[PDB]
Amino acid sequence: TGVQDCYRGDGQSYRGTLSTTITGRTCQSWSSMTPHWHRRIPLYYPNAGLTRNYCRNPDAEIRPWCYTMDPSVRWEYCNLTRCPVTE
Ligand SMILES: O=C(O)[C@@H](Cc1ccccc1)[C@H]1CCNC1
């Protein structure tokens, strides 16, 4: 058996609710500008599902990511694995 939650391709299609980074930090809400001010917002990325603080990939990084709630760490890849391509 595989995982319950995972991304496919580069994860631009990911619409799950994972909200922690590879180091366990909490993702910052996309609509919030604190601790990090940014432009990965629906104004610029209207198709990308930038909702709550869920891991997403609006700008075609290699895998899903988020800004973090740690003021010293702007962004990280999320703690999300790639869905098995095969059985
Ligand atoms: O830090 C950011 O907001 C951007 C890059 C950026 C830095 C400075 C100015 C504009 C863009 C990253 C987040 C993950 N993908 C690109």
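Residue numbering in chain A adheres to Swiss-Prot, whereby the residues present occupy positions 1383-1469 in order.
According to its header, the structure was obtained by X-ray crystallography, 1.1 Å.
A Cβ is built for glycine as well, from the same backbone N, Cα and C atoms used for every other residue.
Quick look at what Swiss-Prot annotates:
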DOMAIN    1387-1465  domain 'Kringle 13'
DISULFID  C1388-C1465  disulfide bond
DISULFID  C1409-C1448  disulfide bond
DISULFID  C1437-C1460  disulfide bond
CARBOHYD  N1461  N-linked glycosylation site
Cα-nearest neighbour of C1409 (disulfide bond) within the listed disulfide-bonded residues, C1388, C1460, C1465: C1460
Same chain, 6+ residues apart, C-beta under 8 Å of the C-beta of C1437 (disulfide bond), given in sequence order: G1393, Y1396, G1398, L1400, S1401, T1402, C1409, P1446, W1447, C1448, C1460, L1462
Residue pair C1388 (disulfide bond), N1461 (N-linked glycosylation site) - Cα distance, angstrom, rounded: 10
Residues that sit under 8 angstroms from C1465 (disulfide bond) by C-beta distance, when 6+ apart in the chain: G1384, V1385, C1388, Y1389, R1390
DSSP-derived helix, strand and coil totals, residue by residue, for the domain 'Kringle 13' (1387-1465): 0 helix, 15 strand, 64 coil
Least Cβ-crowded entry, counting other Cβ within 10 Å, from the disulfide-bonded residues listed as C1388, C1409, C1448, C1460: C1388
